Ligand SMILES: [Ca+2]
Ligand SMILES: [Mg+2]
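Chains as they are written, first to last, in the entry's author numbering: chain F, 2 to 226, 228 to 242, 245 to 253, 262 to 278, 281 to 300, 304 to 310, 319 to 356, 361 to 526; chain E, 2 to 227, 230 to 254, 257 to 278, 280 to 302, 313 to 356, 358 to 526; chain H, 2 to 83, 85 to 227, 231 to 253, 257 to 270, 272 to 302, 305 to 311, 313 to 527; chain N, 410 to 526.
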């Protein structure tokens, strides 16, 4: 349809208004002192949330160009918590500061392309310095320590996450379920996980977690490919139980009528080898087959699908692992070992018990967050929390080389942006003296920093204030990307009113 | 519907606003330094694109007269990337410069027709001079190099393009498909291709590749225009497992075949059959290759291993017809060559090439599906840039060839000052593509960069990605001659029409 | 006061509006087919005029920027006829040059390169205008030009030819309404100098813009001018008008008494340095007066004032007619001056003393025009004045073809103009198209829509062949009596290209704000 | 004394900026303001010629050494000392000192007091 087009600074200033509205709403919740935000509902009392992710999901602007920039930062900064599990709000605060000062220098006559080059070279050095000051996490004792800190000081949960990664490995599949009793226990079952998720967001059974869970579900494995009407006869045939259909190609009927079904993807000759393994696991049968005309739990994520507690014959399924094991000697061969590790590795299940359901769902939420944080701690390590690690990592900027003065400006844009998260931590405490608090932390060194929880200076590592290195480096990398994309945006196209 | 009519200068000034909005939006993406363009969507994040074709397709204006001038340049410039595969934004930048300077002189009193004549005489000589700078591409030695450049410096892709063009020839049918593994392969199979296309866009199976893919399909060949005998033979083929292809003079069959393809009834594709008695002879070649028979039952239908329906093209792959019967058809029309008039010579020789060479299938693969189809489409872009490069040759990229081709303007002849002004309109317009590439870098010194390139000669130019003057051919910066000359011919064509437009008729809001 | 400023294309476009308003109003009167222009008056019936000069004097605009461009081309074109209709031709030419000039500036032409190509084009057109010009010399040829400017009157043609024979070609000739009905010629003692009146309100006749004083007294003062009351009030009760010759608040006091009827005109002293005081003595001897200087006081005598019969003062020169000084003392100064010619060892002294000698010894030729009726007397007098002015200009630079044909023929010199680039060639072609404008306007004032063919038939013709708007026929304009002085034609083009080039190079226009 | 006319002397004198000391980046920015402003008089003189290309002329003058410059009257590149284009040293240095003085007061001005109309 007809379009309106904005160019040059008129587009970038309009985009900046949206970035500011997104950031200014979410950043008040940043630190441990993060202040409440009220979200209106259609009827009844409004929702009060200190969660910066919950606030960002509610941000929509009436102006199209303002909404574009607001969705740019929102989509990029959301990817920080998709992998590292934390840092969405931090990435948004950084993105606002980087784009503000960057655009401010564009008005002064700085080339936007050289600012991006200088910003990129500055991030490479800060991310590297974040690794130099990062503490590696290896061994079951300190893995339990990180799991306990992310559990809000729960030694039972820290030992549970450490024991799960001990049996199934650091890269193993670990899932969190609800226990049938008061006691919390760990159970290692059989299963596998692949990167093919749901085909539509409407299959999601849980609004906030964006996951589709099917309990006591039957698996349908075919190897032959969607919208063909022949699927209507097969769908209701065995439906009486949720169903998992696996193919390469019932959206409304699940969200409107009564049906429990999930259909994910299943490339080339490699896809035919994967579906034969799920048959020996899920306990079912897989071109030499019919036409379109069983596990305890099936969880469907956006980027992942995990089959938990599939029922095979343990004597027959053990032979399938030995068939692929024999194919390794006569064999690149790296993909054959991947399929072996999925079948023989299993899935760790965390059964979370408690007194009452309100406590059991409360305790389960901490185990999932502590698990996600511990997974990121074993990979890239841990760094000092409270926004201090971004300030300490500024020392790496000395190694950043600037080919001209505009590039040196971009380095200083990142230099001033690294201080912004801590500035917002202290600002959420309600004090106007926060400029002094930033000066003490910056003039100090090491793990010395400000803890906004007790409002006292201390050693944050010993105090239990820590962030995964993956969280911090991803927040800066994501923010610098989205802000540099907007700095280089010369046109904004949108539909007419 | 009642109409609003604009005349003379009032109409051309309004049309220029639409041409400006089109060009000013698309030209920011030109060159390696091309910047981002945000395209809004209903829900979610917008679309960031540095591609000029994506931005151009989204341009529509509220004012009908402004929208007309926008669609004018947009459609004419779109004919560049069709026969060429690149240079759509270049044609738009040239059209904006020719029309702006031309209209500027029209207000100065110059006759519009003498400007158009001067424009065409200048473009005629610039294309000729562009042919001298052209570097011909022939043989597997330099074809793999050209294919490697359009492959984003991948030598393995250039070897597949050079070897595929070696088996079936430069004009032979080459198709790129997704491989079943990481290792890329090449194989030549049976098949042919037709110059016709689908009747309705709804037959497309895969919207990503835009081509309708029917695997292990059936083919119906019928002479007259086609619901009388269709349904009995269609319903007899409705239970197959194999999709059906409809080949006739035309396809009532228009409404019923589209609604069944959109639903889950059956997969049916209709392609027109090329005219006169030559059409009835081509139906026998498709029937013998696929084993079927023409209709002038299920045993009469032909079977292939796959069918890909392009927009203007139709490709049948691996027909099931007996090879002993096909060779009897080959020597039938091959012996008919010795029996012949100057009328049909290469007409029957082209049919023999379809029943002999076949179709080569390029199979591209990678470690993950994300890179697999990303490199697969990269090969399709590399294959299209290579086939066009073989035809008209290769010229220096970065807009330098348009500047170097200005030497041919001395050969242009002007009958008066108005025509000479038109020649000078082209002279100033050829510098615009390079001036815009340097402007996309963001420097205010771009006026000096253009002076160095013009003061130099030959291969010397400016590389905007490294921001350093260097040899552009040795640095891998090249453009096909067909890409460059098409962008100049199409731009000068649309601007000449807009200069000669005395009225713009549009409906009332 | 606070100012508003317009820049470049915005200022040059507003200036063009004022230039067009002046041009379109005056150009309807151009040529013998010129049409009527009604000019309103405070009370009674308006003024109907076919004269372009009368219309141009009334052109004033509300918009200050538009008014500037109007007054710009108005003053520059006034120096062309400073008569002969050339002031309107210069305005028409100035419009065409400025219009096409601005049109190419928008097209991307450099304004200064257009000006260069314009100036080179004008030099070659004026040069070619000299070759086609036919000079006038001798009493016989002058008598023919005077008869033409008198509308086929051999009497005025002979009188002007005889007037230029008695006083010379460079002599001073004046026209005065005769006290008797017999037209006669009388040479009298007098002189003319290059100083005009010090204010337009001293002029007694608004039509000719010439201040004329009959039987007036001359006050000659050395220094600037309050303390003149004893001498000034002496002339007020003496009945004669007073002429004040001095070096220079008191100037406004004489303006009030002039408009109230209580005959005073002020003129600056001629020349400067010692030549000024030397010429002041020549005026006192011619008029029988005394120069106030260095043992004289301006407050202290009626005997020191010079006397003359008629004093005509325009905005340029002042002519003293019938000096009342004694004949012996006038020629005594002649011998005193001539004695210094042989005693001068410098070339500058000898050449400048001859100019001083030619004024006193030459005199002033007076043309007294008679007629049957007093109404016909002033009508015939104005005919002689215009005939004398046109004939005097025709002798200097020659004569060319009228009807705007000479400008068309002079276009053949444009091939001799060198253009350094395309923009300079454009300025040459601007003059090429502008030279057809005066004839195009003459044919347009006839009212015909066929004037596009008339211009082509004249351009494709040769020599003096052209179109006559009076009889609406093609003929030879030299034989038909249609001729313009070469000085008039070349001045119209030079002045038009001058003011049009200034406007093309104007990047800013400053004007006062609303009061 | 006398210096090069045509605004070239201010460009040739930019070599002294290497001797300027900056205590921080803000002071270094103020040094660069003069660096770009020294080219402004010559850039205006060339722009008053009406030429469409002003960048080439400024480039050829900045890269050349000595008194070599561009003559705007004849529109030709020539040595300005020999051609007769010359400015007094007091004229050139006073224009720079006065301009920087008034521009420094306006940059440091935090308030403007004016009467009510
Ligand atoms: Ca409500
Ligand atoms: Mg008249």
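Using N, Cα and C, we set each Cβ at its ideal position, and we do this for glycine too.
- Counting along the chain, the unbroken alpha helix (DSSP H) around residue 96 of chain E starts and ends at 89-108.
- With respect to the 8 Å criterion, residue 267 of chain H and residue 219 of chain H are not classified as neighbours on the basis of their beta carbons.
- Per DSSP, reduced to three states, the secondary structure at residue 319 of chain F is coil, with no helix or strand assignment.
- Between the alpha carbons of residue 204 of chain F and residue 25 of chain F lies a gap of roughly 33 Å.
- Three or more pairs of CB atoms, one per stretch, sit closer than 8 Å, so the stretch 82-102 of chain F contacts the stretch 499-519 of chain F.
- In the DSSP assignment, residue 486 of chain H falls outside any alpha helix (DSSP H) and lies within the beta strand (DSSP E) extending over 485-488.
- Residue 470 of chain N is outside the set of residues whose beta carbon lies under 8 Å from a beta carbon in chain E.
- In chain order, the residues that have a beta carbon nearer than 7 Å to some heavy atom of ligand 1 are F:41, F:43 and F:44.
- Proximity of chain N to residue 118 of chain H at the Cβ level (cut-off 8 Å) is not reached, the minimal Cβ distance being about 10 Å.
- Of all residues in the stretch 442-464 of chain N, those with a C-beta nearer than 9 Å to a C-beta of chain H are 457, 458, 459, 460 and 461, reading in chain order.
- Remark: the shortest separation between the CB of residue 523 of chain E and any heavy atom of ligand 2 does not fall under 7 Å.
- Taking residue 321 of chain H as reference, the option from H:191, H:129, H:370 and H:124 with the minimal CA-CA separation is H:191.
- Residues with their Cβ less than 5 Å from any non-hydrogen atom of ligand 2, running along the chain, are H:30, H:35 and H:51.
- With respect to chain E, the C-beta atom of residue 24 of chain F has no partner C-beta closer than 8 Å.
- Out of E:398, E:281, E:251 and E:227, the CA that lies nearest to the CA of residue 261 of chain E is found in E:227.
- Any Cβ of chain E closer than 8 Å to the Cβ of residue 105 of chain H would place that residue at the interface, and such an atom is present.
- Contact check for residue 416 of chain H and residue 451 of chain H: beta-carbon distance about 3 Å, within the 8 Å limit, so the pair qualifies.
- Rounded to whole angstroms, the Cβ separation of residue 35 of chain E and residue 457 of chain E is 5 Å, and the two are in contact under 8 Å.
- Here the alpha carbons of residue 236 of chain F and residue 198 of chain F stand approximately 22 Å from one another.
- Between residue 110 of chain H and chain E, the shortest Cβ-Cβ separation is below 8 Å.
- Its chain contains 489, 494, 495 and 496 as the residues whose beta carbon lies nearer than 6 Å to that of residue 414 of chain H, once the 5 sequence neighbours on both sides are disregarded; these appear in chain order.
- When DSSP states are grouped into helix, strand and coil, residue 223 of chain F belongs to the coil group.
- Setting aside the 5 residues that flank it on each side, residue 102 of chain H is surrounded in the same chain by 442, 445 and 446, each with a C-beta closer than 8 Å to its C-beta; the list follows chain order.
- Around the beta carbon of residue 207 of chain F, fewer than 16 other beta carbons lie within 10 angstroms, which makes this residue exposed.
- Between residue 517 of chain F and chain E, the shortest Cβ-Cβ separation is below 8 Å.
- Contact between residue 512 of chain F and residue 100 of chain F holds: their C-beta atoms lie close to 4 Å from each other, under 8 Å.
- When C-alpha distances from residue 504 of chain H are compared across H:169, H:188, H:291 and H:128, the shortest belongs to H:128.
- Under a criterion of Cβ atoms nearer than 8 Å, no residue of chain N is adjacent to residue 65 of chain H; the nearest Cβ is some 23 Å distant.
- With 16 or more neighbouring CB atoms inside 10 Å of its own CB, residue 29 of chain E falls in the buried class.
- When secondary structure is reduced to three states using DSSP, residue 194 of chain H falls in the strand class.
- Bounds of any beta strand (DSSP E) do not take in residue 307 of chain H, whose DSSP letter is neither H nor E.
- As DSSP reads the structure, residue 203 of chain E sits in no beta bridge.
- Residues 107, 516 and 517 of the same chain have their beta carbon placed closer than 7 Å to that of residue 113 of chain F, with the five preceding and five following residues left out of the count.
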